[PDB]
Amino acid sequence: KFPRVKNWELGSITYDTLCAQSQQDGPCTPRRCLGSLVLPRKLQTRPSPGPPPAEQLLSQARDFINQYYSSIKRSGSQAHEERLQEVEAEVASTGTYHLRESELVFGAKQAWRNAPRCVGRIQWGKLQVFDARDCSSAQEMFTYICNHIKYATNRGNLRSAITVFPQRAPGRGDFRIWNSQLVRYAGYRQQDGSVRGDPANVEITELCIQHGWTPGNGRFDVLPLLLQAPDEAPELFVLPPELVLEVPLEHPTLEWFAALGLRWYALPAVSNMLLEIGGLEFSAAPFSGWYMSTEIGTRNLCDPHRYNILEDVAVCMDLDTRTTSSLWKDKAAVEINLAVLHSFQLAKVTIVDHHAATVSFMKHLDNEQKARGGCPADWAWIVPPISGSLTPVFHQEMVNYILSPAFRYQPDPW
């Protein structure tokens, strides 16, 4: 009924009862596990041209409202009862409803808390929520986004934040941020199909150019934003350079590293995910925290389909790249992650290494075990891309399931 969860490094055991509260299905079935897959299809977020089944929506709505009032120890209170009646009344007459800022703030934090793929959830209680539901144009979205960036960056002392734009409305286009992150380096298709810059951003780089952007020719050219207001062609907005803080990468001992001319931005702001609270959907709700060094040092800079700088640093380190057994790849990767941590600390910009991060996640697991009886976690995503078993999370079994509020993936707007 309830899964027995074990930590093999300590011998400790727990039972996940929280999973019982999951009302949404994942990709697995008793015949086969699909937990290693990145995207669903069944868990996506289909169009919104028609009103969501009043029965469905109301159910999800009552549940969330119930959650909210429990959180403020006012369950069964007068306000609780009248709030439910309001939601019922609004849905019944308009086929939808709206949240109060306080409830929105609660929903946003809960969505983060329920994010199975986030290793930094111990910070889930400290989140600055910018209500931008009073947005009616792409130009306004841009101002909000510029303020979110200014606040979150805080001159290098990053602070977690999220900005929530208008909810989806039946038969009306969605407010969407086309870029996957608020800060993305351009990826220019050159010569023989090769790519200058960030291969991951080739498509978005092309769309920008198509919408009037004057491309550059560097490896780290900050892309413009394509903000889109309902049923309107997206608009191009250039981010003020002074707002986009970047960190030049150098190595604590390897003098030549700096020569490589590598750099990375300080603000990790996902902007293509959908935020669902009480059945309501927010197609544009950009959120940001601070980077865990492996995201940059290992995935972004070392992935074969990303910057793929592994061989370069290896050759500079004069490593034997003739064979796998020399572990030249493992050696350069460690120096690159070291360089990221070194540089960020030198620039006085918030960042967390994978050891510190996973240790804090273990504490979070414990806090949640006592607080909710479990904690949805995606093992494949929580374990760092390098030095896996060298971290506590590797030796920790985890249960994965869908709780709401939740951050979900949604189709690309184009």
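Rigid core here is just the name for the largest C-alpha set that superposes within 1.5 Å across the two forms. From 1 onward, residues are counted along the sequence shown.
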property: Comparing 187-195 and 130-138 where Cα RMS over structures and residues is taken in 9 other deposited structures of this protein (core fit), larger one; result: 187-195
property: In 9 other deposited structures of this protein, rigid core aligned: more displaced of 160-168 and 67-75 by C-alpha RMS; result: 67-75
property: Other PDB entries, at least a third, lacking residue 376; result: no
property: Other entries lacking residue 47, at least a third; result: yes
property: Higher-scoring stretch by recorded Cα B factor average, 386-394 or 8-16; result: 8-16
property: Per the entry, higher mean C-alpha B factor between 280-288 and 210-218; result: 210-218
property: Per the PDB entry, maximal CA B factor within 315, 182, 129, 274; result: 315
property: Selection by C-alpha B-factor (highest) of 118, 164, 334, 233; result: 233
property: Third of the chain's Cα B-factor distribution that residue 300 belongs to, per the entry; result: lowest
property: Chain third (lowest, middle, highest) by recorded CA B-factor, residue given as residue 366; result: middle
property: Third of the chain's Cα B-factor distribution that residue 173 belongs to, per the entry; result: middle
property: Within-chain third of residue 71 by Cα B-factor, per the entry; result: highest
property: B-factor third for the C-alpha atom of residue 78 within its chain; result: highest
